[PDB]
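Below is start.cif, holding mmCIF, C-alpha atoms and all ligand atoms.
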```
data_target
#
loop_
_atom_site.label_atom_id
_atom_site.label_comp_id
_atom_site.auth_asym_id
_atom_site.auth_seq_id
_atom_site.Cartn_x
_atom_site.Cartn_y
_atom_site.Cartn_z
CA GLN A 29 -15.43 167.00 -180.93
CA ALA A 30 -18.99 167.95 -181.84
CA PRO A 31 -18.96 167.21 -185.60
CA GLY A 32 -18.26 163.95 -187.37
CA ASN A 33 -17.63 162.02 -184.14
CA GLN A 34 -20.84 159.96 -184.45
CA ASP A 35 -20.72 159.00 -188.14
CA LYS A 36 -19.10 155.60 -187.54
CA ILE A 37 -21.47 154.88 -184.65
CA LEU A 38 -24.41 155.26 -187.04
CA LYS A 39 -23.08 152.79 -189.62
CA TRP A 40 -22.63 150.10 -186.97
CA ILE A 41 -26.12 150.45 -185.49
CA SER A 42 -27.62 150.59 -188.99
CA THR A 43 -26.14 147.25 -190.04
CA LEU A 44 -27.04 145.63 -186.72
CA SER A 45 -30.62 146.77 -187.32
CA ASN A 46 -30.72 145.67 -190.97
CA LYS A 47 -29.76 142.13 -189.97
CA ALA A 48 -32.75 142.05 -187.62
CA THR A 49 -35.70 140.21 -189.14
CA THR A 50 -37.86 138.90 -186.30
CA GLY A 51 -39.93 141.41 -184.37
CA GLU A 52 -38.24 140.37 -181.13
CA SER A 53 -34.81 141.29 -182.47
CA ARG A 54 -36.14 144.56 -183.89
CA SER A 55 -37.34 145.52 -180.41
CA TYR A 56 -33.90 145.00 -178.89
CA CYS A 57 -32.45 147.13 -181.69
CA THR A 58 -34.76 149.98 -180.69
CA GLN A 59 -33.60 149.70 -177.08
CA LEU A 60 -29.98 149.57 -178.24
CA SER A 61 -30.41 152.60 -180.51
CA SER A 62 -31.98 154.63 -177.69
CA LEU A 63 -29.08 154.05 -175.31
CA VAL A 64 -26.62 155.07 -178.02
CA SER A 65 -28.58 158.22 -178.81
CA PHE A 66 -28.97 158.77 -175.07
CA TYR A 67 -25.23 158.53 -174.42
CA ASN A 68 -24.26 160.33 -177.65
CA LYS A 69 -26.64 163.28 -177.23
CA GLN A 70 -24.67 166.48 -177.77
CA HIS A 71 -25.00 169.35 -175.29
CA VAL A 72 -24.37 172.88 -176.56
CA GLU A 73 -25.97 175.79 -174.68
CA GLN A 74 -23.20 178.44 -174.64
CA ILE A 75 -22.31 178.20 -170.95
CA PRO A 76 -22.35 181.87 -169.89
CA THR A 77 -19.43 183.54 -168.16
CA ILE A 78 -20.06 185.18 -164.78
CA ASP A 79 -18.51 188.60 -164.12
CA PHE A 80 -18.66 188.85 -160.33
CA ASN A 81 -17.02 192.28 -160.51
CA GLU A 82 -20.01 193.66 -162.41
CA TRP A 83 -22.54 192.30 -159.91
CA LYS A 84 -20.25 193.23 -157.01
CA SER A 85 -20.26 196.87 -158.17
CA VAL A 86 -23.84 197.57 -159.29
CA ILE A 87 -25.51 196.13 -156.18
CA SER A 88 -25.16 193.12 -153.88
CA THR A 89 -25.35 192.11 -150.23
CA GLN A 90 -22.05 192.51 -148.38
CA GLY A 91 -20.24 189.18 -148.31
CA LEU A 92 -22.77 187.54 -150.65
CA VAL A 93 -21.23 188.18 -154.07
CA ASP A 94 -17.86 187.06 -152.70
CA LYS A 95 -19.29 184.04 -150.87
CA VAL A 96 -21.04 182.87 -154.04
CA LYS A 97 -17.87 183.31 -156.12
CA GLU A 98 -15.59 181.35 -153.79
CA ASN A 99 -18.17 178.58 -153.40
CA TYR A 100 -18.99 178.62 -157.11
CA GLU A 101 -15.33 178.34 -158.12
CA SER A 102 -14.78 175.42 -155.74
CA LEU A 103 -17.26 173.18 -157.56
CA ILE A 104 -16.02 174.24 -161.00
CA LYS A 105 -12.68 172.65 -160.12
CA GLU A 106 -14.33 169.25 -159.66
CA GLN A 107 -14.46 167.26 -162.89
CA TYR A 108 -15.16 163.73 -164.05
CA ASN A 109 -12.41 161.11 -163.71
CA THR A 110 -12.46 159.63 -167.20
CA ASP A 111 -9.37 157.50 -166.53
CA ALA A 112 -10.89 155.20 -163.90
CA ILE A 113 -13.94 154.48 -166.07
CA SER A 114 -11.81 153.90 -169.17
CA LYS A 115 -10.04 151.01 -167.44
CA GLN A 116 -13.00 149.13 -165.96
CA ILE A 117 -14.91 149.06 -169.25
CA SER A 118 -11.83 147.72 -171.04
CA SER A 119 -10.75 145.21 -168.38
CA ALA A 120 -13.98 143.21 -167.98
CA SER A 121 -17.64 143.85 -168.69
CA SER A 122 -20.96 142.02 -168.67
CA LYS A 123 -20.00 138.42 -167.99
CA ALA A 124 -23.33 137.74 -169.70
CA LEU A 125 -21.79 139.35 -172.80
CA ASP A 126 -19.12 136.66 -172.62
CA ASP A 127 -21.88 134.23 -173.60
CA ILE A 128 -22.08 135.54 -177.16
CA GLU A 129 -18.37 136.40 -177.27
CA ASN A 130 -17.80 132.64 -177.08
CA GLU A 131 -20.87 131.77 -179.15
CA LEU A 132 -20.03 133.98 -182.13
CA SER A 133 -16.38 132.94 -181.82
CA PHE A 134 -17.29 129.27 -182.23
CA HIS A 135 -19.90 130.16 -184.84
CA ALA A 136 -17.21 131.98 -186.84
CA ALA A 137 -14.75 129.11 -186.44
CA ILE A 138 -17.33 126.79 -188.01
CA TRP A 139 -17.74 128.96 -191.10
CA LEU A 140 -14.03 129.74 -191.24
CA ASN A 141 -13.43 125.99 -191.49
CA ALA A 142 -15.85 125.89 -194.42
CA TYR A 143 -14.22 128.92 -196.02
CA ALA A 144 -10.88 127.12 -195.79
CA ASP A 145 -12.39 123.97 -197.31
CA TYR A 146 -13.64 125.81 -200.39
CA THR A 147 -10.48 127.92 -200.51
CA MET A 148 -8.13 124.94 -200.34
CA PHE A 149 -10.14 123.01 -202.93
CA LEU A 150 -9.82 125.81 -205.47
CA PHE A 151 -6.12 125.87 -204.57
CA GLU A 152 -5.56 122.19 -205.32
CA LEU A 153 -7.83 122.44 -208.36
CA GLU A 154 -5.20 124.68 -209.97
CA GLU A 155 -2.90 121.75 -210.76
CA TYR A 156 -5.75 119.57 -212.07
CA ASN A 157 -6.62 120.34 -215.69
CA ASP A 158 -8.23 118.44 -218.55
CA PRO A 159 -9.59 115.26 -216.93
CA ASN A 160 -9.54 113.75 -220.42
CA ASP A 161 -5.72 114.00 -220.42
CA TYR A 162 -5.15 111.85 -217.32
CA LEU A 163 -5.11 108.09 -217.11
CA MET A 164 -7.88 106.25 -215.30
CA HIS A 165 -5.98 105.26 -212.16
CA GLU A 166 -4.40 108.72 -211.92
CA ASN A 167 -7.73 110.57 -211.89
CA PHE A 168 -8.94 108.35 -209.04
CA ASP A 169 -5.86 109.43 -207.08
CA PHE A 170 -6.75 113.11 -207.40
CA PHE A 171 -10.24 112.19 -206.16
CA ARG A 172 -9.03 109.96 -203.34
CA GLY A 173 -11.95 107.95 -201.96
CA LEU A 174 -13.63 106.93 -205.21
CA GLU A 175 -11.55 103.76 -205.50
CA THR A 176 -12.57 102.89 -201.95
CA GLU A 177 -16.25 103.37 -202.78
CA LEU A 178 -15.79 101.45 -206.02
CA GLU A 179 -14.43 98.52 -204.02
CA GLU A 180 -17.51 98.69 -201.79
CA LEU A 181 -19.81 98.37 -204.80
CA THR A 182 -17.78 95.42 -206.05
CA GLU A 183 -17.42 93.51 -202.78
CA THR A 184 -21.15 93.88 -202.06
CA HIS A 185 -22.02 92.88 -205.66
CA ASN A 186 -23.74 96.20 -206.35
CA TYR A 187 -22.58 96.02 -209.95
CA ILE A 188 -25.66 97.81 -211.33
CA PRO A 189 -24.18 101.19 -212.33
CA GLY A 190 -25.68 104.10 -210.43
CA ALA A 191 -27.85 102.18 -207.98
CA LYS A 192 -26.43 103.87 -204.88
CA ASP A 193 -26.21 107.33 -206.48
CA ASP A 194 -29.18 109.51 -205.55
CA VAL A 195 -29.04 111.26 -208.94
CA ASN A 196 -27.65 108.78 -211.48
CA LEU A 197 -27.04 111.51 -214.03
CA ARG A 198 -25.01 109.07 -216.12
CA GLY A 199 -28.10 106.87 -216.19
CA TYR A 200 -30.30 109.62 -217.59
CA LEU A 201 -27.79 110.49 -220.32
CA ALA A 202 -27.75 106.89 -221.56
CA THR A 203 -31.56 106.59 -221.55
CA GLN A 204 -32.36 109.83 -223.38
CA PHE A 205 -33.67 107.83 -226.35
CA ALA A 206 -34.24 104.40 -224.81
CA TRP A 207 -37.40 102.34 -225.08
CA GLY A 208 -39.19 102.13 -221.76
CA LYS A 209 -37.15 105.04 -220.46
CA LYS A 210 -36.28 104.23 -216.86
CA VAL A 211 -33.39 104.44 -214.43
CA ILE A 212 -32.46 101.84 -211.86
CA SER A 213 -34.30 102.13 -208.56
CA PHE A 214 -32.38 103.53 -205.61
CA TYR A 215 -30.13 101.00 -203.85
CA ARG A 216 -31.31 98.14 -206.06
CA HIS A 217 -29.20 95.03 -205.63
CA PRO A 218 -28.89 92.56 -208.55
CA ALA A 219 -29.75 89.68 -206.19
CA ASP A 220 -32.84 90.91 -204.32
CA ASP A 221 -36.18 89.51 -205.49
CA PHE A 222 -39.37 90.80 -203.85
CA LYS A 223 -41.64 88.65 -206.02
CA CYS A 224 -44.80 87.35 -204.37
CA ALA A 225 -47.53 84.91 -205.37
CA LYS A 226 -51.09 84.24 -204.26
CA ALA A 227 -53.89 81.77 -204.93
CA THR A 228 -57.42 83.15 -205.28
CA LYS A 229 -60.83 81.71 -206.04
CA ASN A 230 -60.08 82.59 -209.67
CA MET A 231 -57.18 81.42 -211.79
CA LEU A 232 -53.87 83.22 -212.27
CA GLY A 233 -54.24 84.84 -208.87
CA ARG A 234 -56.99 87.12 -210.15
CA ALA B 219 -15.90 153.42 -175.48
CA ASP B 220 -16.74 156.28 -177.85
CA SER B 221 -20.32 156.44 -176.57
CA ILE B 222 -19.15 156.64 -172.95
CA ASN B 223 -16.53 159.28 -173.72
CA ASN B 224 -19.08 161.43 -175.55
CA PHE B 225 -21.63 160.86 -172.78
CA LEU B 226 -19.42 162.04 -169.92
CA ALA B 227 -18.15 164.87 -172.13
CA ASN B 228 -21.57 166.31 -172.99
CA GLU B 229 -22.79 165.44 -169.49
CA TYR B 230 -19.88 167.40 -168.03
CA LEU B 231 -21.00 170.51 -169.92
CA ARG B 232 -24.60 170.06 -168.76
CA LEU B 233 -23.42 170.06 -165.14
CA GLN B 234 -21.26 173.12 -165.84
CA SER B 235 -24.29 174.95 -167.23
CA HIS B 236 -26.31 173.81 -164.21
CA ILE B 237 -23.89 175.39 -161.73
CA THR B 238 -23.37 178.70 -163.52
CA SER B 239 -27.13 178.86 -164.10
CA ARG B 240 -27.71 178.24 -160.39
CA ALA B 241 -25.09 180.81 -159.38
CA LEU B 242 -26.65 183.33 -161.77
CA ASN B 243 -30.29 182.76 -160.76
CA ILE B 244 -29.50 183.02 -157.05
CA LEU B 245 -27.72 186.30 -157.79
CA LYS B 246 -30.51 187.74 -159.93
CA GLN B 247 -33.12 186.44 -157.49
CA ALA B 248 -31.33 188.13 -154.59
CA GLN B 249 -31.17 191.39 -156.54
CA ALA B 250 -34.94 191.15 -157.01
CA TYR B 251 -35.54 190.99 -153.26
CA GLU B 252 -32.97 193.74 -152.69
CA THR B 253 -34.89 196.06 -155.02
CA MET B 254 -38.11 195.10 -153.22
CA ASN B 255 -36.62 196.08 -149.85
CA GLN B 256 -35.54 199.42 -151.31
CA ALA B 257 -39.01 200.08 -152.73
CA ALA B 258 -40.62 199.11 -149.42
CA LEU B 259 -38.34 201.51 -147.53
CA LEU B 260 -39.13 204.43 -149.84
CA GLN B 261 -42.81 203.47 -149.86
CA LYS B 262 -42.86 204.03 -146.10
CA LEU B 263 -41.49 207.54 -146.66
CA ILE B 264 -44.38 208.30 -149.02
CA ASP B 265 -46.78 206.71 -146.54
CA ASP B 266 -45.42 208.99 -143.81
CA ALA B 267 -45.95 212.04 -146.04
CA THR B 268 -49.57 211.11 -146.80
CA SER B 269 -50.30 210.57 -143.10
CA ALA B 270 -48.79 213.97 -142.31
CA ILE B 271 -51.27 215.57 -144.72
CA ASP B 272 -54.17 213.81 -143.01
CA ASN B 273 -52.98 215.04 -139.61
CA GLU C 98 -20.40 122.93 -175.08
CA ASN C 99 -21.54 123.64 -171.50
CA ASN C 100 -23.06 127.13 -171.25
CA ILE C 101 -25.00 127.62 -174.50
CA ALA C 102 -28.59 126.41 -174.91
CA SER C 103 -28.66 125.07 -178.46
CA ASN C 104 -29.98 121.85 -179.97
CA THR C 105 -27.01 121.57 -182.33
CA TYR C 106 -23.40 122.63 -182.80
CA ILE C 107 -24.16 123.77 -186.37
CA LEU C 108 -24.63 127.40 -185.38
CA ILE C 109 -26.45 129.49 -187.97
CA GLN C 110 -27.00 133.20 -187.34
CA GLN C 111 -30.16 134.43 -189.04
CA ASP C 112 -31.15 137.14 -186.55
CA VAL C 113 -29.42 139.53 -184.16
CA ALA C 114 -31.71 138.84 -181.21
CA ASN C 115 -29.04 137.10 -179.12
CA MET C 116 -26.56 139.84 -180.08
CA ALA C 117 -28.56 142.99 -179.35
CA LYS C 118 -30.03 141.49 -176.18
CA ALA C 119 -26.55 141.03 -174.73
CA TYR C 120 -25.63 144.60 -175.70
CA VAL C 121 -28.57 146.28 -173.97
CA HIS C 122 -27.88 144.09 -170.92
CA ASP C 123 -24.28 145.38 -171.05
CA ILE C 124 -24.28 149.02 -172.17
CA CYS C 125 -27.29 149.78 -169.96
CA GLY C 126 -25.56 148.44 -166.85
CA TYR C 127 -23.09 151.33 -167.10
CA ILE C 128 -25.90 153.86 -166.80
CA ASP C 129 -26.01 156.15 -163.74
CA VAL C 130 -22.20 156.37 -163.95
CA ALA C 131 -22.28 160.10 -164.65
CA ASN C 132 -25.27 160.83 -162.40
CA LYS C 133 -23.44 158.99 -159.61
CA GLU C 134 -20.43 161.24 -160.21
CA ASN C 135 -22.70 164.29 -160.02
CA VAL C 136 -23.85 163.10 -156.59
CA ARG C 137 -20.30 163.23 -155.22
CA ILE C 138 -19.39 166.54 -156.87
CA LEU C 139 -22.68 168.20 -155.91
CA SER C 140 -22.87 166.67 -152.43
CA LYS C 141 -19.37 168.08 -151.83
CA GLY C 142 -20.53 171.60 -151.00
CA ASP C 143 -23.63 173.77 -151.19
CA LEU C 144 -23.43 176.78 -153.50
CA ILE C 145 -25.77 179.15 -151.61
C1 LIG D 301 -24.36 92.40 -227.88
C2 LIG D 301 -23.81 91.13 -227.25
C3 LIG D 301 -24.50 90.81 -225.92
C4 LIG D 301 -26.00 91.07 -226.03
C5 LIG D 301 -26.72 90.61 -224.76
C6 LIG D 301 -28.17 91.08 -224.80
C7 LIG D 301 -28.27 92.59 -224.56
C8 LIG D 301 -29.73 93.03 -224.64
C9 LIG D 301 -29.82 94.54 -224.50
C10 LIG D 301 -30.97 94.89 -223.56
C11 LIG D 301 -32.31 94.43 -224.14
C12 LIG D 301 -33.42 94.91 -223.21
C13 LIG D 301 -34.79 94.67 -223.85
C14 LIG D 301 -35.85 95.29 -222.94
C15 LIG D 301 -37.06 95.73 -223.76
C16 LIG D 301 -37.98 96.56 -222.86
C17 LIG D 301 -38.64 97.68 -223.65
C18 LIG D 301 -39.72 98.29 -222.76
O1 LIG D 301 -39.42 98.78 -221.73
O2 LIG D 301 -41.06 98.29 -223.16
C19 LIG D 301 -41.53 99.59 -223.33
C20 LIG D 301 -42.70 99.63 -224.29
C21 LIG D 301 -42.61 100.93 -225.09
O3 LIG D 301 -42.58 102.02 -224.22
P1 LIG D 301 -41.26 103.00 -224.28
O4 LIG D 301 -41.65 104.38 -223.82
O5 LIG D 301 -40.15 102.47 -223.40
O6 LIG D 301 -40.73 103.07 -225.83
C22 LIG D 301 -41.59 103.64 -226.77
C23 LIG D 301 -41.20 103.17 -228.16
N1 LIG D 301 -41.64 104.08 -229.21
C24 LIG D 301 -40.78 105.25 -229.24
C25 LIG D 301 -41.53 103.41 -230.49
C26 LIG D 301 -43.01 104.50 -229.03
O7 LIG D 301 -43.90 99.59 -223.57
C27 LIG D 301 -44.01 98.47 -222.75
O8 LIG D 301 -43.94 98.59 -221.57
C28 LIG D 301 -44.21 97.09 -223.36
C29 LIG D 301 -43.40 96.06 -222.56
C30 LIG D 301 -43.18 94.80 -223.40
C31 LIG D 301 -41.94 94.08 -222.90
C32 LIG D 301 -41.60 92.93 -223.85
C33 LIG D 301 -40.11 92.59 -223.77
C34 LIG D 301 -39.85 91.47 -222.77
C35 LIG D 301 -38.43 90.94 -222.97
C36 LIG D 301 -37.57 91.16 -221.73
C37 LIG D 301 -37.56 89.91 -220.86
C38 LIG D 301 -36.37 89.03 -221.23
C39 LIG D 301 -35.83 88.28 -220.02
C40 LIG D 301 -34.78 87.28 -220.50
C41 LIG D 301 -34.18 86.53 -219.32
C42 LIG D 301 -33.53 85.25 -219.84
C43 LIG D 301 -32.95 84.45 -218.68
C44 LIG D 301 -32.49 83.08 -219.17
#
```
Take the structure I supplied and represent it as structure tokens, if you would.
Ligand SMILES: CCCCCCCCCCCCCCCCCC(=O)OC[C@H](COP(=O)([O-])OCC[N+](C)(C)C)OC(=O)CCCCCCCCCCCCCCCCC
Amino acid sequence: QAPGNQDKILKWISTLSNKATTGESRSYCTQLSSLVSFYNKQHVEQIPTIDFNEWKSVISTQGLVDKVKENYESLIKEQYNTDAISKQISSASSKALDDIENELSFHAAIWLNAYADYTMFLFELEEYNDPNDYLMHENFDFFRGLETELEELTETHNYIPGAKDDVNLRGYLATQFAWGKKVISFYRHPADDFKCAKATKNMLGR
Amino acid sequence: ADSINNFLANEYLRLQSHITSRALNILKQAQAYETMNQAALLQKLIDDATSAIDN
Amino acid sequence: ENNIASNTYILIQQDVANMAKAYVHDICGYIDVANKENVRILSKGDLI
């Protein structure tokens, strides 16, 4: 019982503390660690054995050594009822604790959904190889949704390539050696014209 | 669950040591008074002898 | 969606404040369990 029974309990508390960054959390970790050390403190003092016969013989008050023994033994029989406590702690505990039981459960479900997204993508990616070996309309079917977006660019007459793409990487590759190196402005439509004109005291609007 | 089981366990021993320690101190403490009563009784005998000399 | 004070459903755990706080409010509650047992056992009879 005494040795090796607290090793696992130290790894858990250590990680919980390492994850703590804000001072507020670190304080709660100190409180948590104290209670664990408080409950897990080991008691070893070599409980001495009482030889009532020895004291009874050397010297004692008549009826005292025997009265102490019978009363002493009666309390030694009493012991903790570990069973009752074992059940209550396992049945229900700290309805406030249920707050994070349901918070971390939903928090984990969010990031399990993301883990499945990345996992399933790498799974489907196994059958897709060598984009240069597929026809045009077949590649768009692997990447379902691009044809739909391509129709949106066409039906809105956004036929300037890369206008609605935040990083028109294809536009930078084509302009690596162009004169007046520039890429189309974001969301530029081939029909919009923001031109103005003014008349000043001078000519040419100057 | 393991912290509660180890708490009641070690706490059970502490109570056990408390009782036996109490039962042992009360016994030793009583013996101390018993020896004092014996010394007081014999001291009176010596006191009686000294008074007899004075008389 | 009813009993959690958060300004978004995109839950991101970057500290263990909410976790350790609920543990000290839980494991502490079960204090005095052994001392309470000692009351019954010791209040049973007087050694004397
Ligand atoms: C092939 C069959 C079909 C062909 C169809 C025609 C396709 C034409 C291909 C595109 C031609 C585009 C020419 C743009 C030239 C811009 C260069 C530039 O940015 O200047 C940078 C230059 C140079 O800067 P730079 O950094 O870009 O290049 C530096 C060059 N070196 C490396 C040599 C130093 O600086 C300037 O800003 C000067 C601007 C002068 C612009 C004069 C050109 C005006 C002509 C365009 C208007 C025409 C409208 C016609 C509308 C008709 C309607 C009826």
TODO: Could you please determine the separation between atom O8 of ligand LIG 301 (chain D) and atom CA of residue A:192 in Å, to one decimal place?
DONE: 24.8 Å
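Considering only C-alpha atoms and all ligand atoms, the residue among A:190, A:31, A:199, A:208 positioned nearest to ligand LIG 301 (chain D) is A:208.
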Check: which chain B residues lie within 9 Å of chain C using all atoms listed in the file, as a PDB file with C-alpha atoms, in the frame of the given file:
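So iface-v2.pdb came out as:
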```pdb
ATOM      1  CA  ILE B 222     -19.150 156.640-172.950  1.00  0.00           C
ATOM      2  CA  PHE B 225     -21.630 160.860-172.780  1.00  0.00           C
ATOM      3  CA  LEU B 226     -19.420 162.040-169.920  1.00  0.00           C
ATOM      4  CA  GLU B 229     -22.790 165.440-169.490  1.00  0.00           C
ATOM      5  CA  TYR B 230     -19.880 167.400-168.030  1.00  0.00           C
ATOM      6  CA  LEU B 233     -23.420 170.060-165.140  1.00  0.00           C
ATOM      7  CA  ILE B 237     -23.890 175.390-161.730  1.00  0.00           C
ATOM      8  CA  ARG B 240     -27.710 178.240-160.390  1.00  0.00           C
ATOM      9  CA  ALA B 241     -25.090 180.810-159.380  1.00  0.00           C
ATOM     10  CA  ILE B 244     -29.500 183.020-157.050  1.00  0.00           C
TER      11      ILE B 244
END
```
TODO: Find the distance between atom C17 of ligand LIG 301 (chain D) and atom CA of residue A:211 and write it in Å to one decimal.
DONE: 12.6 Å
Open item on the list: Residues contacting ligand LIG 301 (chain D) - anything with an atom at most 10 Å away, using all atoms listed in the file - can you give me those as a ChimeraX atom specification?
Closed with: /A:203,205-210
Open item on the list: Give me, as a list in words, the residues of chain C touching chain A, with the criterion being at most 6 Å (counting only C-alpha atoms).
Closed with: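 For chain C, the answer reads residues 108, 112, 113, 114, 117, 118, 119, 121, 123 and 144 of chain C.
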Chain A residues near chain B (6 Å cut-off, only C-alpha atoms) as a PDB file with C-alpha atoms, keeping the file's coordinate frame:
```
ATOM      1  CA  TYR A  67     -25.230 158.530-174.420  1.00  0.00           C
ATOM      2  CA  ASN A  68     -24.260 160.330-177.650  1.00  0.00           C
ATOM      3  CA  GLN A  70     -24.670 166.480-177.770  1.00  0.00           C
ATOM      4  CA  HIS A  71     -25.000 169.350-175.290  1.00  0.00           C
ATOM      5  CA  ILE A  75     -22.310 178.200-170.950  1.00  0.00           C
TER       6      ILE A  75
END
```
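The interatomic distance for the pair atom CA of residue A:90 and atom CA of residue A:77 works out to 21.9 Å.
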Listed atoms of stretch 255-264 of chain B boxed along x, y and z, 3 Å each side, centre and edge lengths in Å, one decimal, as AutoDock Vina command-line options:
```
--center_x -40.0 --center_y 202.2 --center_z -149.4 --size_x 14.8 --size_y 18.2 --size_z 12.6
```
- [ ] Could you check which of A:156, A:137, A:111, A:170 is closest to residue C:107, using only C-alpha atoms?
- [x]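 Between A:156, A:137, A:111, A:170, the residue approaching residue C:107 most closely is A:137.
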